[PDB]
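To keep things simple, chains are lettered A, B, C, D, E and F as they appear, and every chain counts its residues starting from 1.
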Amino acid sequence: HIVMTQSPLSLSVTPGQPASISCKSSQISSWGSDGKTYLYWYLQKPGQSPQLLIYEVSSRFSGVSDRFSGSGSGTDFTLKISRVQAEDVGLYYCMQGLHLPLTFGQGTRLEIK
Amino acid sequence: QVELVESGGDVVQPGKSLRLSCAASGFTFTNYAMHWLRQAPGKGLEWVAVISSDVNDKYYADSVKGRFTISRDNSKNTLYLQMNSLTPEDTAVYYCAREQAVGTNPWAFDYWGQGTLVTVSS
Amino acid sequence: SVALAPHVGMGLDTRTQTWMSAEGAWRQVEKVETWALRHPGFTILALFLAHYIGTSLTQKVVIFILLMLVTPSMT
Amino acid sequence: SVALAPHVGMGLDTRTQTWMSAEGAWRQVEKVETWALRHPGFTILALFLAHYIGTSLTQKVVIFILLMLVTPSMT
Amino acid sequence: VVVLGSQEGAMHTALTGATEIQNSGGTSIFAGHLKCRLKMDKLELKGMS
Amino acid sequence: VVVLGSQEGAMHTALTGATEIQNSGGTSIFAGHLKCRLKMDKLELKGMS
């Protein structure tokens, strides 16, 4: 079990501005054998099943607008959204994947200001 | 193009059993390691159980250990989640998820099912 | 990759169209043409080599054609 | 694109290893060998053409090699 | 260590000259040819009378 | 009409001679070269005396 903490629990940003979310782990998520940090990020649109945005941290899943970008290394990771649209409202969920009992972080939210 | 559909969600009194079926299409189902996922309303997503590509490497979470059974049937392209000793806390909408096609983790989520809600009360 | 070795000259052919007849008819010649358009100097080299290795005229033309067709084809 | 006209030979190279020098180094040679071993009949016609074009041995041999390298890859 | 990727598109080019057949139920193999001889000796015009 | 599949791995050896890059945030290239003039006029060594 890994305690996952997201710095903001609610973000109000006007359109055209960047919104950043910090998810800090409780232990190291870096798999020593390969040297890859195994973190994941999911967006659950209002009344929809969540999709995937950032597999690992640097990488980005297909079918995803280029604005989303993952950052950070060693238990403190961060997303960035260069331009926020009306469709970016949702419930961003950072989850670790290193250890088998996968634990999501508490759900953050992003509402248009 | 992947399509995951759920079935089996219904109202039930505590203690009684229920089996949840995840029919999948659009990919070779037999060469994958399916997961189960859930989320109570107003709460975050919670992991439930995993069945690997080889049918003999099942795992479950702590809060649901020794109470749930996960099983795949390759031929019928469905995922069976037999849940016993259900309680009003365990009720939630259940999501059936796929594995990561591109990546290194043996366990990850590419695509989420539509989602079925199971209601538990007296 | 497997994108090479097309199922072209096996000879077990029928009346109906194959997988990509119209699309795959001119693929190789288009590739050679675009390579020659991209890299012009190899034409000069091929002319020189054919002239200094070809005794007659038909031999010159044949070896020049073979070189210009093999180099993009070879890679 | 289709796995034709690869990136090799363009330049812009340095000491760090390129993408697939491990596998793509011998790929074309292996393709030519397997095509020749799967269609041995064309060798007779290649020899025929080489013998009927060329007044010497050097151009005979080079034309033979050029046909044997054009036909499988241009396939 | 890197995995190469999906070969579906590469194979779709590798099959350039191969014929195609429907595969909905069983295999309805089109694109064939058959020779046959017609006995054509027991037929009747049925209109002569 | 057909879709002709996915060329993701089909172009994955069409691009075979080039050098790879990282493209993780800032795109470090880890390749190429650079020339420089090392005018070593003000670099006196330590502990001469």
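Please note the rule applied: a residue touches a chain if its C-beta (ideal position, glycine included) is under 8 Å from a C-beta of that chain, and two chains touch if they have at least 3 such contacts.
Peer 1: Would you kindly state whether over half or under half of the residue numbers at the chain E/chain F interface are used by both copies, giving same or different?
Peer 2: Chain E vs chain F: same; shared/all numbers exceeds half.
Peer 1: Where in C-F or D-F does the C-E interface recur, with over half of the contact pairs identical by residue number?
Peer 2: Equivalent chain pair to C-E in C-F or D-F: D-F.
Peer 1: Rounded to a whole Å, what is the gap between the Cα centroids of chain C and chain F?
Peer 2: 34
Peer 1: Measuring centre to centre with CA averages, how many angstrom lie between chain A and chain B?
Peer 2: Roughly 23 Å separates the two chain centres.
Peer 1: Roughly how far is chain B from chain D, going centre to centre by Cα mean, in whole Å?
Peer 2: That pair's centroid distance is 54 Å.
Peer 1: Considering chain C alone, which of its residues make contact with at least two other chains?
Peer 2: 1, 3-6, 8-9, 27
Peer 1: Of all residues in chain F, which are in touch with two or more distinct other chains?
Peer 2: 7, 9-14
Peer 1: Mark out which residues of chain B touch at least two other chains, giving numbers and ranges.
Peer 2: Touching at least two other chains: none.
Peer 1: Would you pull the chain E residues touching chain F in the complex into a rising list?
Peer 2: Touch residues, chain E against chain F: 4-13.
Peer 1: Could you pull out which chain D residues touch chain C in their complex?
Peer 2: It comes out as residues 2-6, 8-9, 28, 31, 34-35, 39, 53-56, 58-59, 62-63, 66-67, 69-70, 73-75.
Peer 1: Inside the complex, what are the residues of chain D that reach chain F?
Peer 2: Residues 1-10, 12-14, 16, 18-20, 24, 27.
Peer 1: Show which residues of chain A lie in contact with chain F when the two form their complex.
Peer 2: Chain A residues touching chain F: 58, 69, 71.
Peer 1: For a test of understanding, state which residues of chain B touch chain A in their complex under the given definition.
Peer 2: Residue positions touching the partner: 43-47, 50, 59, 61-62, 95, 100, 102-105, 107-115.
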